[PDB]
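Here is my_file_36.txt, consisting of compact mmCIF, C-alpha atoms:
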```txt
# COMPACT_ATOMS: atom_id res chain seq x y z
CA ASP A 281 35.30 -39.92 -17.81
CA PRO A 282 34.84 -37.94 -14.57
CA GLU A 283 37.57 -35.65 -13.31
CA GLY A 284 40.08 -37.43 -11.09
CA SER A 285 39.96 -40.63 -13.13
CA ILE A 286 42.60 -41.81 -15.60
CA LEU A 287 40.41 -43.80 -18.01
CA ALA A 288 40.37 -41.07 -20.66
CA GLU A 289 43.25 -40.66 -23.10
CA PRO A 290 45.53 -38.99 -24.08
CA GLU A 291 47.16 -38.68 -20.66
CA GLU A 292 47.35 -34.88 -20.34
CA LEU A 293 43.55 -34.81 -20.09
CA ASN A 294 43.85 -36.65 -16.75
CA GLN A 295 46.12 -34.09 -15.01
CA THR A 296 43.99 -32.69 -12.19
CA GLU A 297 44.52 -32.08 -8.48
CA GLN A 298 41.50 -33.84 -6.94
CA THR A 299 41.22 -37.63 -7.12
CA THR A 300 37.72 -37.90 -5.58
CA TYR A 301 34.42 -37.03 -7.27
CA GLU A 302 30.82 -37.26 -6.11
CA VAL A 303 29.63 -38.94 -9.32
CA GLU A 304 29.27 -42.69 -8.86
CA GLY A 305 29.47 -45.77 -11.05
CA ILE A 306 32.01 -44.37 -13.53
CA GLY A 307 35.71 -43.57 -13.42
CA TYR A 308 38.52 -45.60 -11.86
CA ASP A 309 42.17 -45.11 -10.91
CA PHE A 310 43.22 -48.06 -13.10
CA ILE A 311 42.68 -49.37 -16.63
CA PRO A 312 40.38 -52.43 -16.49
CA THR A 313 41.49 -55.57 -18.30
CA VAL A 314 38.07 -55.75 -19.95
CA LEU A 315 38.27 -52.23 -21.39
CA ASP A 316 39.47 -51.80 -24.98
CA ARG A 317 40.38 -48.14 -25.48
CA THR A 318 41.46 -48.64 -29.10
CA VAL A 319 37.84 -48.61 -30.33
CA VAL A 320 37.17 -45.23 -28.69
CA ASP A 321 37.21 -42.39 -31.22
CA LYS A 322 37.40 -39.62 -28.60
CA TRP A 323 37.29 -39.00 -24.85
CA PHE A 324 35.85 -36.21 -22.71
CA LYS A 325 36.25 -35.11 -19.11
CA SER A 326 33.22 -34.27 -16.98
CA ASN A 327 32.61 -32.75 -13.55
CA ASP A 328 29.96 -33.21 -10.90
CA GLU A 329 28.25 -29.82 -11.24
CA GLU A 330 27.38 -30.08 -14.93
CA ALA A 331 26.49 -33.77 -14.61
CA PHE A 332 23.96 -33.26 -11.82
CA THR A 333 22.57 -30.10 -13.43
CA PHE A 334 21.99 -31.95 -16.70
CA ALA A 335 20.40 -34.86 -14.84
CA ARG A 336 17.99 -32.45 -13.16
CA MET A 337 17.26 -30.78 -16.50
CA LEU A 338 16.57 -34.21 -18.03
CA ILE A 339 14.14 -35.02 -15.22
CA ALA A 340 12.40 -31.65 -15.43
CA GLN A 341 12.14 -31.34 -19.24
CA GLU A 342 11.93 -34.92 -20.59
CA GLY A 343 10.64 -37.14 -17.78
CA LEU A 344 13.67 -39.45 -17.89
CA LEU A 345 14.16 -40.49 -14.25
CA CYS A 346 17.88 -41.16 -14.68
CA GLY A 347 20.90 -40.72 -12.43
CA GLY A 348 24.04 -38.63 -12.44
CA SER A 349 25.88 -40.72 -15.02
CA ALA A 350 23.14 -40.06 -17.58
CA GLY A 351 23.54 -36.37 -16.79
CA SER A 352 27.27 -36.57 -17.48
CA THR A 353 26.62 -38.45 -20.72
CA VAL A 354 24.12 -35.86 -21.96
CA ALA A 355 26.36 -32.96 -20.90
CA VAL A 356 29.23 -34.43 -22.93
CA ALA A 357 26.93 -35.26 -25.86
CA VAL A 358 25.58 -31.71 -26.19
CA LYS A 359 29.22 -30.63 -26.66
CA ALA A 360 30.59 -33.43 -28.84
CA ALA A 361 27.60 -33.54 -31.20
CA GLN A 362 27.76 -29.91 -32.38
CA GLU A 363 29.53 -31.16 -35.52
CA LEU A 364 26.48 -33.14 -36.66
CA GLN A 365 23.95 -31.67 -39.09
CA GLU A 366 20.27 -32.24 -39.83
CA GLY A 367 19.29 -35.77 -40.79
CA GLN A 368 22.00 -37.44 -38.69
CA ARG A 369 21.35 -39.44 -35.53
CA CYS A 370 23.11 -39.60 -32.15
CA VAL A 371 22.67 -42.14 -29.33
CA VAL A 372 23.35 -41.77 -25.60
CA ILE A 373 23.45 -44.58 -23.03
CA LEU A 374 21.72 -43.76 -19.73
CA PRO A 375 23.03 -46.25 -17.13
CA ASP A 376 20.70 -46.25 -14.14
CA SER A 377 17.59 -44.84 -12.51
CA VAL A 378 17.12 -41.94 -10.10
CA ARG A 379 16.17 -44.43 -7.38
CA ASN A 380 19.81 -44.83 -6.36
CA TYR A 381 20.16 -41.05 -5.85
CA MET A 382 16.95 -40.06 -4.05
CA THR A 383 18.53 -38.12 -1.15
CA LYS A 384 21.54 -37.22 -3.33
CA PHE A 385 21.60 -34.65 -6.15
CA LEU A 386 17.81 -34.95 -6.44
CA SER A 387 17.75 -33.07 -3.11
CA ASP A 388 18.25 -29.31 -3.31
CA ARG A 389 19.68 -29.35 0.22
CA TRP A 390 22.53 -31.69 -0.76
CA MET A 391 23.20 -29.76 -3.97
CA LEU A 392 23.53 -26.49 -2.05
CA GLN A 393 25.64 -28.15 0.65
CA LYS A 394 28.08 -29.45 -1.97
CA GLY A 395 28.00 -26.05 -3.68
CA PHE A 396 26.92 -27.55 -7.00
CA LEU A 397 24.00 -25.09 -6.87
CA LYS A 398 24.31 -21.46 -5.81
CA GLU A 399 21.54 -19.39 -4.24
CA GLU A 400 21.68 -16.91 -7.13
CA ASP A 401 21.14 -19.71 -9.65
CA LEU A 402 18.20 -21.00 -7.60
CA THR A 403 16.59 -17.59 -7.10
CA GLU A 404 17.07 -15.92 -10.50
CA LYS A 405 14.14 -17.87 -11.98
CA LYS A 406 11.67 -17.55 -9.09
CA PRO A 407 8.56 -15.33 -9.16
CA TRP A 408 8.59 -11.68 -8.13
CA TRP A 409 6.91 -12.44 -4.78
CA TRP A 410 9.61 -14.95 -3.81
CA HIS A 411 11.71 -12.50 -1.78
CA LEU A 412 8.77 -10.86 0.02
CA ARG A 413 8.43 -11.55 3.74
CA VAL A 414 5.47 -13.37 5.24
CA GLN A 415 4.97 -10.01 6.96
CA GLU A 416 3.20 -8.89 3.77
CA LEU A 417 0.21 -11.19 4.35
CA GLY A 418 -3.14 -10.34 5.91
CA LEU A 419 -2.69 -13.04 8.54
CA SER A 420 -4.57 -12.94 11.85
CA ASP B 281 -23.19 37.46 6.11
CA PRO B 282 -23.31 33.75 7.03
CA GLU B 283 -26.03 31.52 5.63
CA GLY B 284 -29.16 31.49 7.78
CA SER B 285 -28.87 35.17 8.66
CA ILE B 286 -30.94 38.00 7.18
CA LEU B 287 -28.45 40.87 7.45
CA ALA B 288 -27.51 40.77 3.77
CA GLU B 289 -29.68 42.47 1.15
CA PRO B 290 -31.48 42.19 -1.22
CA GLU B 291 -33.84 39.75 0.50
CA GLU B 292 -33.73 36.85 -1.98
CA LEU B 293 -30.11 36.24 -0.96
CA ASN B 294 -31.38 35.25 2.51
CA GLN B 295 -33.73 32.45 1.36
CA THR B 296 -32.21 29.28 2.80
CA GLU B 297 -33.55 26.32 4.76
CA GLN B 298 -31.17 26.19 7.74
CA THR B 299 -31.22 28.98 10.34
CA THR B 300 -28.24 27.75 12.39
CA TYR B 301 -24.56 27.98 11.43
CA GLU B 302 -21.38 26.97 13.23
CA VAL B 303 -19.63 30.28 12.51
CA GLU B 304 -19.76 32.59 15.52
CA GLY B 305 -19.73 36.33 16.14
CA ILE B 306 -21.46 37.31 12.88
CA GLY B 307 -24.98 37.04 11.52
CA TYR B 308 -28.27 37.68 13.32
CA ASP B 309 -31.97 37.03 12.76
CA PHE B 310 -32.75 40.76 13.08
CA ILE B 311 -31.52 44.09 11.74
CA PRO B 312 -29.63 45.94 14.51
CA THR B 313 -30.58 49.54 15.21
CA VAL B 314 -26.89 50.48 15.03
CA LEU B 315 -26.41 49.00 11.56
CA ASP B 316 -26.66 51.32 8.54
CA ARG B 317 -27.07 49.15 5.44
CA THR B 318 -27.29 52.14 3.08
CA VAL B 319 -23.50 52.62 3.09
CA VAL B 320 -22.92 49.00 1.99
CA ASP B 321 -22.07 48.75 -1.70
CA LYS B 322 -22.60 44.98 -1.91
CA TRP B 323 -23.33 41.92 0.22
CA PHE B 324 -22.19 38.30 0.07
CA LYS B 325 -23.32 35.05 1.65
CA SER B 326 -20.82 32.66 3.22
CA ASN B 327 -20.90 29.14 4.62
CA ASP B 328 -19.01 27.34 7.37
CA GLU B 329 -16.94 25.01 5.19
CA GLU B 330 -15.25 27.68 3.07
CA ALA B 331 -14.83 29.98 6.07
CA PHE B 332 -13.00 27.43 8.20
CA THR B 333 -10.97 26.16 5.24
CA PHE B 334 -9.81 29.70 4.46
CA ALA B 335 -9.00 30.31 8.13
CA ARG B 336 -6.83 27.18 8.15
CA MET B 337 -5.17 28.26 4.91
CA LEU B 338 -4.48 31.68 6.42
CA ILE B 339 -2.87 30.07 9.47
CA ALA B 340 -0.81 27.65 7.39
CA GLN B 341 0.38 30.05 4.66
CA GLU B 342 0.55 33.52 6.29
CA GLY B 343 0.91 33.00 10.05
CA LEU B 344 -2.22 35.02 10.86
CA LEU B 345 -3.66 33.28 13.93
CA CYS B 346 -7.22 34.42 13.22
CA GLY B 347 -10.62 32.84 13.72
CA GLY B 348 -13.45 31.68 11.51
CA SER B 349 -14.82 35.15 10.78
CA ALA B 350 -11.50 36.19 9.24
CA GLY B 351 -11.71 33.06 7.11
CA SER B 352 -15.17 34.05 5.90
CA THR B 353 -13.95 37.58 5.17
CA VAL B 354 -10.99 36.35 3.12
CA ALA B 355 -13.13 33.78 1.28
CA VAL B 356 -15.56 36.52 0.26
CA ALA B 357 -12.72 38.92 -0.60
CA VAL B 358 -10.99 36.50 -2.98
CA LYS B 359 -14.28 36.42 -4.92
CA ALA B 360 -15.36 40.07 -4.77
CA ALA B 361 -11.92 41.49 -5.58
CA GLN B 362 -11.45 39.75 -8.94
CA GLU B 363 -12.53 43.01 -10.61
CA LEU B 364 -9.50 44.90 -9.28
CA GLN B 365 -6.34 45.29 -11.35
CA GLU B 366 -2.66 45.85 -10.58
CA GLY B 367 -1.83 48.93 -8.53
CA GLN B 368 -5.11 48.92 -6.59
CA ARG B 369 -5.44 48.07 -2.91
CA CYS B 370 -7.95 46.01 -0.93
CA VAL B 371 -8.45 45.81 2.85
CA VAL B 372 -9.96 43.01 4.96
CA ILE B 373 -10.94 43.22 8.63
CA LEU B 374 -9.98 40.17 10.70
CA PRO B 375 -12.10 40.26 13.88
CA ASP B 376 -10.57 37.95 16.47
CA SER B 377 -7.81 35.50 17.33
CA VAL B 378 -7.65 31.71 17.05
CA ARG B 379 -7.62 31.49 20.85
CA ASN B 380 -11.43 31.43 20.96
CA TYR B 381 -11.52 28.42 18.58
CA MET B 382 -8.75 26.14 19.86
CA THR B 383 -10.77 22.90 20.11
CA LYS B 384 -13.07 24.09 17.29
CA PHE B 385 -12.21 24.23 13.57
CA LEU B 386 -8.51 24.27 14.49
CA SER B 387 -9.06 20.60 15.44
CA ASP B 388 -9.12 18.12 12.56
CA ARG B 389 -11.35 15.84 14.64
CA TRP B 390 -14.10 18.47 14.94
CA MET B 391 -13.79 19.40 11.25
CA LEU B 392 -14.25 15.77 10.20
CA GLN B 393 -17.10 15.28 12.68
CA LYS B 394 -18.95 18.27 11.23
CA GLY B 395 -18.13 17.04 7.73
CA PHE B 396 -16.45 20.31 6.78
CA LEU B 397 -13.42 18.18 5.85
CA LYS B 398 -13.62 14.89 3.96
CA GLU B 399 -11.11 12.05 4.24
CA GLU B 400 -10.32 12.32 0.53
CA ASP B 401 -9.47 16.01 0.90
CA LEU B 402 -7.24 15.20 3.89
CA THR B 403 -5.47 12.27 2.23
CA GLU B 404 -4.96 13.50 -1.35
CA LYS B 405 -1.97 15.63 -0.29
CA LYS B 406 -0.24 13.14 2.02
CA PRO B 407 3.00 11.30 1.16
CA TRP B 408 3.08 7.99 -0.68
CA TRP B 409 3.83 6.03 2.51
CA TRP B 410 0.75 7.41 4.27
CA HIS B 411 -1.53 4.46 3.44
CA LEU B 412 1.05 1.75 4.21
CA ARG B 413 0.42 -0.38 7.29
CA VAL B 414 2.75 -0.43 10.28
CA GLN B 415 3.15 -4.07 9.22
CA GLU B 416 5.73 -2.82 6.70
CA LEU B 417 8.25 -1.89 9.41
CA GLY B 418 11.20 -3.91 10.67
CA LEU B 419 9.88 -3.79 14.22
CA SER B 420 10.91 -6.35 16.83
```
Take the structure in the file and write it out as structure tokens.
Amino acid sequence: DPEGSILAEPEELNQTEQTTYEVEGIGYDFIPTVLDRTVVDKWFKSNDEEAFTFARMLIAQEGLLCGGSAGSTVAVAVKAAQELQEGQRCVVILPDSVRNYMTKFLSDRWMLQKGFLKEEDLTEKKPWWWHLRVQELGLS
Amino acid sequence: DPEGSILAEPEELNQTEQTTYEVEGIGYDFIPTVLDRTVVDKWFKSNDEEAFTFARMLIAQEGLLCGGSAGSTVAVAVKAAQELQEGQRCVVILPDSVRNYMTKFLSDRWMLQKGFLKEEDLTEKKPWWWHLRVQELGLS
């Protein structure tokens, strides 16, 4: 359940200041009639930054062209599933494709504008020549 | 006695191909009537490169604004006087001033043109930034 929504229980997990989140397709300010929370063994809260970062990591390291909700699901799974041991199996549901978020989190510009990515995080992994000026070339 | 001249004895010291030398004021193709070689204990041959280099070293490390002949004299003295020990004294005669050679060996251009100085010898002692291009500046 994204931050700002009240779907997750118990209630104290839902106490947060901001009611709006950039993640889409999940989280609501009301309990749907369809939903049956009794069959849920546990709930987790998730935020936009980790969700989009995990979606990008999924794209870059597994080829799964999935959206932000899949990123949130995987981010929560990597935490909840620490209890499992070898030989046991876990399943994650990836809702939708990246197509719906082409100019959204998939774009570095939008990520930096929202602050979900910081210049230090973007630059720490770049080559040694990244910071050099074009002045260093033999252009003419 | 500069190379190309026949003043020095014994004769085999004077066997060299080139008869012309850039050093001035010393060396001749004949034995002067005034000269008395019998009172000379030893003779040495000298060349332009070492003479001018020693003159420049004299200027740069002792303040003696002397010409090429003084450089030749000091270059020969530093060789001949190795036999002396502590407590003994040596004298060198420095003929003339640097005034007569202002655009000559005193000029790096002329030294490089004559080949008496090589770019490697000039550059080996320069700072680490010497070879960097002006392109490395923050000019605007």
Atomic distance atom CA of residue 406 of chain A - atom CA of residue 340 of chain A, expressed in Å with one decimal: 15.5 Å
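The closest residue to residue 388 of chain B, picked from B:368, B:333, B:353, B:420 and counting all atoms listed in the file, is B:333.
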Fitted copy of chain A on chain B, all Cα, as an mmCIF file with C-alpha atoms, in the coordinates of the input:
```
data_model
loop_
_atom_site.group_PDB
_atom_site.id
_atom_site.type_symbol
_atom_site.label_atom_id
_atom_site.label_comp_id
_atom_site.auth_asym_id
_atom_site.auth_seq_id
_atom_site.Cartn_x
_atom_site.Cartn_y
_atom_site.Cartn_z
ATOM 1 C CA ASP A 281 -23.181 37.464 6.103
ATOM 2 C CA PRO A 282 -23.315 33.754 7.024
ATOM 3 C CA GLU A 283 -26.029 31.522 5.632
ATOM 4 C CA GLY A 284 -29.158 31.491 7.778
ATOM 5 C CA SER A 285 -28.869 35.173 8.657
ATOM 6 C CA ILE A 286 -30.947 37.996 7.181
ATOM 7 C CA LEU A 287 -28.451 40.870 7.458
ATOM 8 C CA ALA A 288 -27.513 40.773 3.772
ATOM 9 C CA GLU A 289 -29.674 42.469 1.151
ATOM 10 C CA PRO A 290 -31.480 42.194 -1.218
ATOM 11 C CA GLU A 291 -33.840 39.754 0.493
ATOM 12 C CA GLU A 292 -33.728 36.850 -1.984
ATOM 13 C CA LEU A 293 -30.109 36.247 -0.961
ATOM 14 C CA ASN A 294 -31.375 35.257 2.510
ATOM 15 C CA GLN A 295 -33.733 32.453 1.364
ATOM 16 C CA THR A 296 -32.210 29.281 2.802
ATOM 17 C CA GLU A 297 -33.546 26.315 4.761
ATOM 18 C CA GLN A 298 -31.168 26.191 7.747
ATOM 19 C CA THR A 299 -31.225 28.981 10.333
ATOM 20 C CA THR A 300 -28.237 27.750 12.395
ATOM 21 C CA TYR A 301 -24.560 27.980 11.429
ATOM 22 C CA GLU A 302 -21.381 26.975 13.229
ATOM 23 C CA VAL A 303 -19.631 30.286 12.511
ATOM 24 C CA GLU A 304 -19.759 32.594 15.521
ATOM 25 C CA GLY A 305 -19.732 36.327 16.139
ATOM 26 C CA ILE A 306 -21.458 37.314 12.881
ATOM 27 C CA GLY A 307 -24.981 37.039 11.519
ATOM 28 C CA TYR A 308 -28.267 37.675 13.322
ATOM 29 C CA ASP A 309 -31.972 37.030 12.757
ATOM 30 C CA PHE A 310 -32.753 40.756 13.082
ATOM 31 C CA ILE A 311 -31.519 44.092 11.735
ATOM 32 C CA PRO A 312 -29.629 45.938 14.509
ATOM 33 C CA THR A 313 -30.578 49.541 15.209
ATOM 34 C CA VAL A 314 -26.897 50.477 15.030
ATOM 35 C CA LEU A 315 -26.403 48.999 11.555
ATOM 36 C CA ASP A 316 -26.664 51.315 8.541
ATOM 37 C CA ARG A 317 -27.066 49.154 5.436
ATOM 38 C CA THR A 318 -27.296 52.140 3.079
ATOM 39 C CA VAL A 319 -23.502 52.614 3.085
ATOM 40 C CA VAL A 320 -22.915 49.003 1.998
ATOM 41 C CA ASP A 321 -22.072 48.752 -1.703
ATOM 42 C CA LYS A 322 -22.609 44.978 -1.906
ATOM 43 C CA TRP A 323 -23.336 41.914 0.225
ATOM 44 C CA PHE A 324 -22.182 38.297 0.071
ATOM 45 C CA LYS A 325 -23.319 35.048 1.645
ATOM 46 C CA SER A 326 -20.816 32.664 3.220
ATOM 47 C CA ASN A 327 -20.896 29.134 4.626
ATOM 48 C CA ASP A 328 -19.012 27.350 7.369
ATOM 49 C CA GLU A 329 -16.947 25.008 5.183
ATOM 50 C CA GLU A 330 -15.252 27.676 3.074
ATOM 51 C CA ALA A 331 -14.830 29.986 6.074
ATOM 52 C CA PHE A 332 -13.000 27.427 8.207
ATOM 53 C CA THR A 333 -10.964 26.165 5.245
ATOM 54 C CA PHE A 334 -9.805 29.699 4.460
ATOM 55 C CA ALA A 335 -8.997 30.312 8.124
ATOM 56 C CA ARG A 336 -6.833 27.189 8.154
ATOM 57 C CA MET A 337 -5.168 28.256 4.903
ATOM 58 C CA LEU A 338 -4.472 31.690 6.423
ATOM 59 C CA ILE A 339 -2.874 30.065 9.466
ATOM 60 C CA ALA A 340 -0.812 27.643 7.388
ATOM 61 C CA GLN A 341 0.377 30.052 4.656
ATOM 62 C CA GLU A 342 0.552 33.514 6.288
ATOM 63 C CA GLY A 343 0.911 33.005 10.042
ATOM 64 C CA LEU A 344 -2.217 35.025 10.858
ATOM 65 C CA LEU A 345 -3.660 33.277 13.930
ATOM 66 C CA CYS A 346 -7.217 34.424 13.222
ATOM 67 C CA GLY A 347 -10.628 32.845 13.721
ATOM 68 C CA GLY A 348 -13.455 31.681 11.511
ATOM 69 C CA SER A 349 -14.823 35.147 10.785
ATOM 70 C CA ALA A 350 -11.501 36.188 9.244
ATOM 71 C CA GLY A 351 -11.714 33.057 7.112
ATOM 72 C CA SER A 352 -15.173 34.052 5.898
ATOM 73 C CA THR A 353 -13.957 37.580 5.171
ATOM 74 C CA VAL A 354 -10.992 36.354 3.120
ATOM 75 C CA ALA A 355 -13.125 33.780 1.284
ATOM 76 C CA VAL A 356 -15.559 36.525 0.254
ATOM 77 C CA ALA A 357 -12.719 38.926 -0.604
ATOM 78 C CA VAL A 358 -10.989 36.499 -2.981
ATOM 79 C CA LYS A 359 -14.288 36.423 -4.916
ATOM 80 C CA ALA A 360 -15.366 40.068 -4.765
ATOM 81 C CA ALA A 361 -11.925 41.492 -5.575
ATOM 82 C CA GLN A 362 -11.443 39.751 -8.941
ATOM 83 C CA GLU A 363 -12.527 43.004 -10.615
ATOM 84 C CA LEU A 364 -9.502 44.900 -9.282
ATOM 85 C CA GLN A 365 -6.335 45.296 -11.350
ATOM 86 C CA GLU A 366 -2.658 45.848 -10.579
ATOM 87 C CA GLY A 367 -1.828 48.927 -8.535
ATOM 88 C CA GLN A 368 -5.111 48.921 -6.594
ATOM 89 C CA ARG A 369 -5.432 48.075 -2.908
ATOM 90 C CA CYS A 370 -7.954 46.010 -0.927
ATOM 91 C CA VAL A 371 -8.449 45.805 2.855
ATOM 92 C CA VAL A 372 -9.959 43.012 4.960
ATOM 93 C CA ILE A 373 -10.943 43.227 8.633
ATOM 94 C CA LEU A 374 -9.978 40.173 10.706
ATOM 95 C CA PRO A 375 -12.107 40.261 13.889
ATOM 96 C CA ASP A 376 -10.569 37.945 16.465
ATOM 97 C CA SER A 377 -7.814 35.497 17.324
ATOM 98 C CA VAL A 378 -7.651 31.711 17.045
ATOM 99 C CA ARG A 379 -7.625 31.490 20.847
ATOM 100 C CA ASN A 380 -11.424 31.427 20.951
ATOM 101 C CA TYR A 381 -11.514 28.421 18.578
ATOM 102 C CA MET A 382 -8.745 26.143 19.869
ATOM 103 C CA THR A 383 -10.773 22.903 20.103
ATOM 104 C CA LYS A 384 -13.073 24.083 17.286
ATOM 105 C CA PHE A 385 -12.207 24.228 13.572
ATOM 106 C CA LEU A 386 -8.506 24.265 14.486
ATOM 107 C CA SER A 387 -9.057 20.603 15.443
ATOM 108 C CA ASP A 388 -9.125 18.121 12.568
ATOM 109 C CA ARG A 389 -11.352 15.833 14.644
ATOM 110 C CA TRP A 390 -14.101 18.463 14.935
ATOM 111 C CA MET A 391 -13.794 19.395 11.259
ATOM 112 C CA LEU A 392 -14.251 15.768 10.201
ATOM 113 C CA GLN A 393 -17.096 15.277 12.683
ATOM 114 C CA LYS A 394 -18.956 18.269 11.237
ATOM 115 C CA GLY A 395 -18.138 17.037 7.729
ATOM 116 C CA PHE A 396 -16.450 20.308 6.785
ATOM 117 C CA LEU A 397 -13.419 18.178 5.852
ATOM 118 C CA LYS A 398 -13.616 14.892 3.965
ATOM 119 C CA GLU A 399 -11.111 12.051 4.243
ATOM 120 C CA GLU A 400 -10.315 12.317 0.526
ATOM 121 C CA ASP A 401 -9.466 16.008 0.900
ATOM 122 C CA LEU A 402 -7.240 15.202 3.885
ATOM 123 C CA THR A 403 -5.470 12.271 2.229
ATOM 124 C CA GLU A 404 -4.960 13.501 -1.350
ATOM 125 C CA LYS A 405 -1.967 15.625 -0.296
ATOM 126 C CA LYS A 406 -0.238 13.137 2.023
ATOM 127 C CA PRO A 407 3.001 11.298 1.167
ATOM 128 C CA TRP A 408 3.084 7.991 -0.687
ATOM 129 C CA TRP A 409 3.834 6.029 2.508
ATOM 130 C CA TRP A 410 0.748 7.406 4.273
ATOM 131 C CA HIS A 411 -1.525 4.461 3.440
ATOM 132 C CA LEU A 412 1.048 1.748 4.213
ATOM 133 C CA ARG A 413 0.422 -0.388 7.291
ATOM 134 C CA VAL A 414 2.746 -0.435 10.278
ATOM 135 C CA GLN A 415 3.148 -4.071 9.218
ATOM 136 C CA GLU A 416 5.728 -2.820 6.700
ATOM 137 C CA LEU A 417 8.254 -1.889 9.406
ATOM 138 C CA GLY A 418 11.202 -3.915 10.664
ATOM 139 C CA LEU A 419 9.876 -3.784 14.219
ATOM 140 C CA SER A 420 10.914 -6.349 16.835
#
```
Write out as number ranges by chain the residues lying within 12 Å of residue 385 of chain B, counting only C-alpha atoms and excluding same-chain residues fewer than 4 positions away. B: 302-304, 328-337, 339, 346-349, 351, 378-381, 389-397
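Using only C-alpha atoms, the nearest neighbour of residue 324 of chain B within the list B:403, B:285, B:365, B:299 is B:285.
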Please identify every residue of chain B that has at least one atom no more than 12 Å from any atom of chain A, counting all atoms listed in the file, and report them as an MDAnalysis selection string. chainID B and resid 412:419
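For the pair atom CA of residue 298 of chain A and atom CA of residue 284 of chain A, the separation is 5.7 Å.
Note that atom CA of residue 354 of chain A and atom CA of residue 367 of chain A are 19.4 Å apart.
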Counting only C-alpha atoms, select every polymer residue within 12 Å of (44.4, -35.6, -16.0) as defined in the file's coordinates, and provide the selection as a PyMOL selection string. chain A and resi 281-299+309+323-326
